[PDB]
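All remarks here apply to the structure that follows.
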Ligand SMILES: COc1nc2ccc(Br)cc2cc1[C@@H](c1ccccc1)[C@@](O)(CCN(C)C)c1cccc2ccccc12
Ligand SMILES: COc1nc2ccc(Br)cc2cc1[C@@H](c1ccccc1)[C@@](O)(CCN(C)C)c1cccc2ccccc12
Ligand SMILES: COc1nc2ccc(Br)cc2cc1[C@@H](c1ccccc1)[C@@](O)(CCN(C)C)c1cccc2ccccc12
Ligand SMILES: CCCCCCCCO[C@@H]1O[C@H](CO)[C@@H](O)[C@H](O)[C@H]1O
Ligand SMILES: CCCCCCCCO[C@@H]1O[C@H](CO)[C@@H](O)[C@H](O)[C@H]1O
Ligand SMILES: CCCCCCCCO[C@@H]1O[C@H](CO)[C@@H](O)[C@H](O)[C@H]1O
Ligand SMILES: CCCCCCCCO[C@@H]1O[C@H](CO)[C@@H](O)[C@H](O)[C@H]1O
Ligand SMILES: CCCCCCCCO[C@@H]1O[C@H](CO)[C@@H](O)[C@H](O)[C@H]1O
Ligand SMILES: CCCCCCCCO[C@@H]1O[C@H](CO)[C@@H](O)[C@H](O)[C@H]1O
Ligand SMILES: CCCCCCCCO[C@@H]1O[C@H](CO)[C@@H](O)[C@H](O)[C@H]1O
Ligand SMILES: CCCCCCCCO[C@@H]1O[C@H](CO)[C@@H](O)[C@H](O)[C@H]1O
Ligand SMILES: CCCCCCCCO[C@@H]1O[C@H](CO)[C@@H](O)[C@H](O)[C@H]1O
Ligand SMILES: CCCCCCCCO[C@@H]1O[C@H](CO)[C@@H](O)[C@H](O)[C@H]1O
Ligand SMILES: CCCCCCCCO[C@@H]1O[C@H](CO)[C@@H](O)[C@H](O)[C@H]1O
Ligand SMILES: CCCCCCCCO[C@@H]1O[C@H](CO)[C@@H](O)[C@H](O)[C@H]1O
Ligand SMILES: CCCCCCCCO[C@@H]1O[C@H](CO)[C@@H](O)[C@H](O)[C@H]1O
Ligand SMILES: CCCCCCCCO[C@@H]1O[C@H](CO)[C@@H](O)[C@H](O)[C@H]1O
Ligand SMILES: CCCCCCCCO[C@@H]1O[C@H](CO)[C@@H](O)[C@H](O)[C@H]1O
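Residue numbers (the authors' numbering), protein chains in the order written: chain A, 1 to 86; chain C, 1 to 86; chain B, 2 to 86; chain A', 1 to 86; chain C', 1 to 86; chain B', 2 to 86; chain A'', 1 to 86; chain C'', 1 to 86; chain B'', 2 to 86. A prime marks a further copy of an entry chain.
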């Protein structure tokens with residue numbers, strides 16, 4: 001008739017999922033930008049020895065992107081396999 | 001007009017979609033500004049390093065913008081193909 | 002009492018506000034950070050001025066793209082709400 | 001009697017409007033502070049050639065303040081000419 | 001006591017007003033601290049530049065505080081003269 | 002069931018929390034940033050100490066003004082709620 | 001039977017209290033980290049004269065922690081002595 | 001199943017608890033990263049200052065982590081011993 | 002209609018989302034800031050490399066601890082909700 005329990009649960013899941021991905025993008029965009037800031041400046045300062053900067057950059061971006069995609073996976077769980085759905 | 005389940009689900013979807021895109025823009029705006037800060041500073045320090053520095057700059061911006069547009073895709077999923085709609 | 006669109010529209014306005022609120026945080030801070038580098042760059046090399054304009058405009062262009070794309074979707078949310086009944 | 005549709009829409013509009021102006025002030029306060037940080041430091045470093053810093057500062061503040069006031073305009077739309085009001 | 005439309009509108013106004021002032025303080029506190037960071041650093045670097053540096057400092061703080069107090073004015077509008085009150 | 006003031010008071014407490022939450026973010030980070038400059042300034046010039054106190058106190062004064070003005074309005078929101086029925 | 005007024009007020013109080021402490025920890029963690037960043041760097045640069053850094057550090061941390069604990073006190077008021085409870 | 005007061009109180013507690021821990025992690029992650037930035041930079045600048053620099057680093061991390069775990073304690077209070085439960 | 006657990010579970014999912022949203026903000030920015038120092042440190046002293054690994058890993062370890070402890074409590078919130086009726 002009117003509302004049912006899953007309408008409220010699903011609304012909660014979509015808001016929760018949004019928080020997860022919203023936070024993920026804040027962390028990833030700013031974290032990657034900060035890492036890349038050092039890469040750009042390091043290459044500017046030391047063009048001949050820049051190769052040694054790339055594994056540290058990719059380790060850093062790897063960590064940052066792992067947070068983004070682990071969050072993405074839990075957003076997908078929230079909205080496609082909602083825990084507590086009735 | 002009686003409330004119905006999709007009214008609540010759609011309200012949650014729009015809020016969730018807003019969180020996704022709001023966070024996306026925070027990460028992209030600040031991440032791109034931080035990347036650009038190093039680009040601008042590097043060119044100011046060494047004029048002829050301009051070509052050299054656009055390469056790590058675009059790698060960084062690529063990473064930052066990937067977050068923005070993956071978030072955009074999921075906002076679109078939330079509001080145009082809402083998971084859990086009844 | 003209430004009707005379905007009252008709830009949907011309330012959600013759209015909150016969603017729209019999140020979109021624009023986040024857009025201004027990203028654009029204001031991103032542009033400030035870009036301009037910080039422009040100002041410092043010019044102070045360091047008073048006639049580096051000319052060569053700094055292109056990277057400043059590219060950076061601001063990217064930052065402003067996020068603001069404007071968000072603005073467009075806020076407009077969609079509140080003027081053509083997806084899911085309106 | 002009890003609630004009416006516009007009570008809920010208007011509550012949404014006020015919360016939305018608050019998000020718009022809250023975010024606008026975060027972006028403007030921090031963005032202007034960051035721009036002014038460079039202005040202060042530049043004037044400290046180069047008092048004789050500081051005049052060339054002011055158009056770049058005002059362009060930057062112009063961009064930052066434009067975000068604040070465009071947001072202000074949409075807050076005013078949300079709360080004084082609410083889209084979707086019944 | 002039955003709920004009434006203004007109860008919901010006023011709740012939205014208070015939340016909206018809180019967002020406005022919460023964001024205002026984030027922008028003002030951090031923006032002023034960032035401006036002051038350059039002032040303090042500049043005086044440490046060159047003692048007799050103190051007078052010189054307060055001028056761009058107060059221009060910056062003026063901009064930052066304008067955001068805070070314009071936000072304050074609209075919080076006051078929201079909670080004392082609520083747009084849309086029935 | 003419910004009554005009008007239950008909803009208004011719930012909104013006031015959420016609004017009050019936003020005010021103080023934002024106030025502490027601004028004050029904690031703003032003060033930390035001001036103190037960062039004070040500490041670095043003293044480390045650079047160990048007897049610049051005296052001349053740094055005034056600009057530090059002016060900066061902290063401004064930051065703390067935002068915290069305290071927010072505190073006052075949180076108090077208004079929760080102890081004298083505007084719009085209470 | 002169903003809901004009562006204090007259920008809604010108490011839910012508001014817990015959310016409000018959460019906002020207070022959530023914001024308090026953001027301000028304290030980042031503020032202390034920023035202060036400590038300068039302490040670490042200052043001690044690195046000037047090991048012999050580092051003692052003069054500690055009162056400025058503790059004044060700064062004092063200010064930052066005061067925001068955290070004043071917020072904590074108001075969270076405690078919100079959730080243990082809720083203003084407006086019926 | 002009819003709604004009951006504790007359903008609403010517990011929902012508020014979980015949201016409040018989430019705000020507490022969400023803010024705790026923002027402050028701790030960023031505060032610790034900022035502290036570590038000075039540690040790493042200081043060791044890079046002067047290798048044998050390593051021992052010296054861990055002392056102010058752990059003082060800083062102690063302060064930052066205190067915020068995280070005091071917040072954790074109050075999240076636990078909110079969700080396991082909810083103040084105001086009926 | 003509704004039942005008590007619909008409201009509790011909706012709160013748990015929102016709470017869980019706040020926990021993980023905040024966790025990723027802290028971890029992404031904290032790790033980026035740590036890596037920024039690692040990259041700059043190596044660029045300054047190309048064979049400082051070895052001695053920078055330990056402080057980098059300690060910093061990342063602390064940052065990641067916040068992410069993981071948050072993850073565990075999100076899991077508690079949504080898979081074993083405290084207060085479920
Ligand atoms: C760097 O990795 C770590 N460091 C830690 C440091 C301290 C503590 Br106390 C916990 C830590 C835990 C971990 C991981 C881990 C490894 C194994 C099991 C559980 C957790 C991690 O949490 C990292 C997530 N980061 C990158 C945002 C993780 C979580 C979830 C899914 C993952 C998938 C793939 C890889 C890592 C995954
Ligand atoms: C710098 O300006 C831009 N750069 C962009 C860069 C990339 C992309 Br893809 C879009 C961009 C769009 C714009 C503007 C624009 C110009 C014309 C039409 C539409 C949009 C803008 O969005 C800027 C807002 N900023 C400052 C926060 C704008 C929006 C709304 C109202 C405005 C009023 C006055 C001035 C600008 C106004
Ligand atoms: C530095 O202290 C200040 N500077 C200001 C600067 C400008 C303005 Br306009 C107001 C200012 C107000 C104050 C304090 C104050 C002193 C006396 C009375 C009222 C307020 C303060 O607000 C500081 C909180 N900070 C540290 C987050 C405070 C509030 C509440 C409880 C406190 C308990 C103990 C100490 C300070 C306490
Ligand atoms: C915590 C950061 C660890 C980064 C990896 C450091 C160990 C590998 O270091 C790598 O050594 C190679 C040769 O062996 C070089 O060609 C690479 O430039 C360098 O990154
Ligand atoms: C984010 C994508 C938009 C980029 C548009 C401008 C691309 C500029 O591209 C860059 O131009 C420089 C000169 O300005 C050259 O020196 C560089 O080699 C080139 O990469
Ligand atoms: C994407 C483009 C963003 C531009 C931001 C608006 C400010 C325009 O900046 C203009 O740039 C010119 C280039 O020579 C300068 O000479 C002008 O003085 C300046 O007004
Ligand atoms: C992108 C934001 C500006 C363009 C908004 C989309 C077009 C506006 O759409 C119009 O808005 C009017 C009020 O302005 C309403 O009264 C009308 O019903 C509506 O058609
Ligand atoms: C800025 C780019 C995206 C803007 C999308 C806005 C779509 C607005 O769409 C408009 O909605 C109005 C009612 O609000 C109607 O009167 C118009 O017929 C309709 O075209
Ligand atoms: C993107 C930033 C563009 C800033 C404007 C640069 C072009 C104008 O530059 C201006 O030239 C004047 C004389 O012509 C000088 O008196 C000013 O100091 C200088 O700002
Ligand atoms: C934000 C407004 C509050 C400011 C109060 C203090 C004003 C200080 O004013 C400044 O004092 C300096 C010495 O301390 C002088 O050298 C400067 O010329 C003067 O501008
Ligand atoms: C707006 C004022 C903010 C002050 C913050 C509280 C710390 C007071 O700081 C005091 O400043 C004195 C000035 O000489 C120092 O000598 C004292 O050691 C110090 O305790
Ligand atoms: C600015 C924050 C501190 C001052 C709060 C405003 C005055 C407090 O007001 C009092 O609060 C009491 C609990 O403390 C309530 O029990 C009383 O009903 C109320 O009169
Ligand atoms: C800190 C500056 C602004 C504080 C505004 C607080 C106003 C509190 O006002 C007080 O409310 C109490 C009930 O809570 C009543 O008992 C008192 O009569 C009333 O004066
Ligand atoms: C605003 C910052 C004020 C910090 C306090 C400065 C005044 C006291 O300064 C203190 O003087 C002592 C001897 O008198 C020294 O032993 C301490 O190292 C020094 O901090
Ligand atoms: C946050 C607590 C976890 C810390 C675990 C590692 C502790 C490292 O401890 C440090 O090790 C250094 C060499 O690496 C020594 O030079 C320092 O004296 C010592 O403090
Ligand atoms: C708490 C530990 C966090 C580690 C982050 C994952 C990256 C591991 O980094 C590894 O460190 C090694 C140390 O010598 C390097 O030699 C390897 O090249 C590198 O892959
Ligand atoms: C820490 C996050 C990963 C571990 C999650 C806790 C264990 C999962 O728990 C299981 O989740 C399933 C879906 O994955 C549900 O279908 C099951 O009902 C539930 O038992
Ligand atoms: C990651 C460390 C904390 C994880 C806490 C997760 C507790 C999950 O607990 C599990 O919940 C499932 C239903 O969701 C049940 O099927 C299982 O019986 C139960 O053990």
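For each residue, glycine too, the CB sits at the ideal point set by N, CA and C.
State the start and end residues of the unbroken alpha helix (DSSP H) segment that holds residue i.
i, result
"residue 83 of chain A", "Run containing residue 83 of chain A: none; DSSP gives neither H nor E here."
Helix, strand or coil for residue i, going by three-state DSSP, please let me know.
i, result
"residue 1 of chain A'", "coil"
"residue 49 of chain B''", "coil"
If I'm right that residue i touches residue j with Cβ under 8 angstroms, what's the distance once you round it to whole angstroms?
i, j, result
"residue 13 of chain A'", "residue 82 of chain A'", "5 angstroms"
"residue 84 of chain C'", "residue 79 of chain A'", "7 angstroms"
"residue 52 of chain A''", "residue 50 of chain B'", "7 angstroms"
"residue 56 of chain A'", "residue 59 of chain B", "Actually they are not in contact, since the Cβ atoms of residue 56 of chain A' and residue 59 of chain B sit about 16 angstroms apart, beyond 8 angstroms."
"residue 27 of chain B'", "residue 64 of chain A''", "That pair is no contact at about 12 angstroms."
"residue 11 of chain A'", "residue 11 of chain C'", "6 angstroms"
Can you give the Cα-Cα distance for residue i and residue j, rounded to whole angstroms?
i, j, result
"residue 36 of chain C''", "residue 5 of chain B''", "46 angstroms"
"residue 43 of chain B'", "residue 44 of chain C'", "7 angstroms"
"residue 25 of chain C", "residue 68 of chain C", "7 angstroms"
"residue 31 of chain C''", "residue 3 of chain A'", "46 angstroms"
"residue 74 of chain C''", "residue 72 of chain A''", "10 angstroms"
"residue 66 of chain B'", "residue 62 of chain A", "41 angstroms"
"residue 70 of chain A'", "residue 29 of chain B", "12 angstroms"
"residue 1 of chain A''", "residue 77 of chain C", "40 angstroms"
"residue 48 of chain C''", "residue 48 of chain B''", "14 angstroms"
"residue 54 of chain A''", "residue 54 of chain B'", "15 angstroms"
"residue 9 of chain B", "residue 9 of chain B'", "22 angstroms"
"residue 86 of chain B''", "residue 86 of chain C", "25 angstroms"
Pairs of beta-carbons, one from the stretch 14-22 of chain B' and one from the stretch 16-23 of chain A'', closer than 8 angstroms: are there three or more? yes
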